[PDB]
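*Asks:* Attaching a single structure in structure tokens format; questions to follow.
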Amino acid sequence: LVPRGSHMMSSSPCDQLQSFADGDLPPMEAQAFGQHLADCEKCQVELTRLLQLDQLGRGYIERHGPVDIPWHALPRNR
Ligand SMILES: [Zn+2]
């Protein structure tokens with residue numbers, strides 16, 4: 001149940017990674033395009049294009065990258 005507004009267009013998961021690297025993609029869609037984010041030269045070319053201007057910036061680094069998820073999330077839905 002939603003109003004009518006700007007009609008979106010068709011797009012491919014090789015291009016959707018653009019929103020992923022910019023930091024503007026939701027966690028549900030991040031798994032859905034993730035299957036195509038597998039080993040693909042056309043994907044890596046689109047990703048590295050963004051790193052060429054977003055990774056460019058000495059002083060910004062990381063040294064602790066832990067991977068942990070909350071238990072209350074993923075509710076009993078179908
Ligand atoms: Zn691809």
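In the structure tokens, chains take letters A, B, ... by order of appearance, with residues numbered from 1 within each chain and ligands from 1 in the order shown.
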With a distance cut-off of 12 Å and only C-alpha atoms, select the neighbouring residues of residue A:49, excluding the residue or stretch itself and same-chain residues fewer than 6 positions from it, and output the selection as a ChimeraX atom specification.

*Replies:* /A:15,17-18,21-22,42-43,55-56

*Asks:* Convert the current residue selection to file output with N, CA, C and O atoms, as a PDB file, in the first residue's frame.

*Replies:*
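Output file selection20.pdb is given in full below:
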ATOM      1  N   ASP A  15      25.856  -2.830 -12.250  1.00  0.00           N
ATOM      2  CA  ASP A  15      25.817  -1.377 -12.045  1.00  0.00           C
ATOM      3  C   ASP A  15      25.381  -1.012 -10.611  1.00  0.00           C
ATOM      4  O   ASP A  15      25.789   0.026 -10.092  1.00  0.00           O
ATOM      5  N   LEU A  17      26.349  -2.125  -7.779  1.00  0.00           N
ATOM      6  CA  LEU A  17      27.528  -2.014  -6.924  1.00  0.00           C
ATOM      7  C   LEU A  17      28.039  -0.575  -6.773  1.00  0.00           C
ATOM      8  O   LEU A  17      28.773  -0.269  -5.833  1.00  0.00           O
ATOM      9  N   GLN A  18      27.644   0.314  -7.687  1.00  0.00           N
ATOM     10  CA  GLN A  18      27.990   1.725  -7.613  1.00  0.00           C
ATOM     11  C   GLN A  18      27.457   2.363  -6.316  1.00  0.00           C
ATOM     12  O   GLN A  18      28.202   3.011  -5.578  1.00  0.00           O
ATOM     13  N   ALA A  21      29.511   0.773  -3.106  1.00  0.00           N
ATOM     14  CA  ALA A  21      30.815   1.367  -2.795  1.00  0.00           C
ATOM     15  C   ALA A  21      30.704   2.819  -2.285  1.00  0.00           C
ATOM     16  O   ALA A  21      31.470   3.231  -1.412  1.00  0.00           O
ATOM     17  N   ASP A  22      29.728   3.584  -2.794  1.00  0.00           N
ATOM     18  CA  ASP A  22      29.391   4.926  -2.292  1.00  0.00           C
ATOM     19  C   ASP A  22      28.786   4.914  -0.868  1.00  0.00           C
ATOM     20  O   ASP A  22      28.739   5.958  -0.212  1.00  0.00           O
ATOM     21  N   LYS A  42      33.677  -7.013 -15.361  1.00  0.00           N
ATOM     22  CA  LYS A  42      32.739  -5.890 -15.530  1.00  0.00           C
ATOM     23  C   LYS A  42      32.295  -5.280 -14.187  1.00  0.00           C
ATOM     24  O   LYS A  42      32.183  -4.058 -14.083  1.00  0.00           O
ATOM     25  N   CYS A  43      32.118  -6.101 -13.143  1.00  0.00           N
ATOM     26  CA  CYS A  43      31.866  -5.610 -11.781  1.00  0.00           C
ATOM     27  C   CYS A  43      33.102  -4.899 -11.198  1.00  0.00           C
ATOM     28  O   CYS A  43      32.997  -3.784 -10.688  1.00  0.00           O
ATOM     29  N   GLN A  55      38.864   6.101  -2.304  1.00  0.00           N
ATOM     30  CA  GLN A  55      40.005   5.560  -1.547  1.00  0.00           C
ATOM     31  C   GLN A  55      41.199   6.539  -1.545  1.00  0.00           C
ATOM     32  O   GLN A  55      42.004   6.543  -0.610  1.00  0.00           O
ATOM     33  N   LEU A  56      41.301   7.388  -2.576  1.00  0.00           N
ATOM     34  CA  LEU A  56      42.271   8.483  -2.691  1.00  0.00           C
ATOM     35  C   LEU A  56      42.095   9.506  -1.549  1.00  0.00           C
ATOM     36  O   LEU A  56      41.123  10.268  -1.528  1.00  0.00           O
TER      37      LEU A  56
END

*Asks:* Please, which residues in chain A fall within 7 Å of ligand 1 when counting only C-alpha atoms and all ligand atoms, and what is the closest atom pair and distance in Å to one decimal for each, ordered by chain then residue number, as CSV?

*Replies:*
residue,atom,partner,partner_atom_place_in_ligand_line,distance
A:13,CA,ligand 1,1 (Zn),6.5
A:14,CA,ligand 1,1 (Zn),4.0
A:36,CA,ligand 1,1 (Zn),5.3
A:37,CA,ligand 1,1 (Zn),5.8
A:40,CA,ligand 1,1 (Zn),4.9
A:41,CA,ligand 1,1 (Zn),7.0
A:42,CA,ligand 1,1 (Zn),5.3
A:43,CA,ligand 1,1 (Zn),4.2

*Asks:* Enter the distance from atom CA of residue A:52 to atom CA of residue A:35, in Å, rounded to one decimal.

*Replies:*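 Computed distance, atom CA of residue A:52 to atom CA of residue A:35, equals 24.1 Å.
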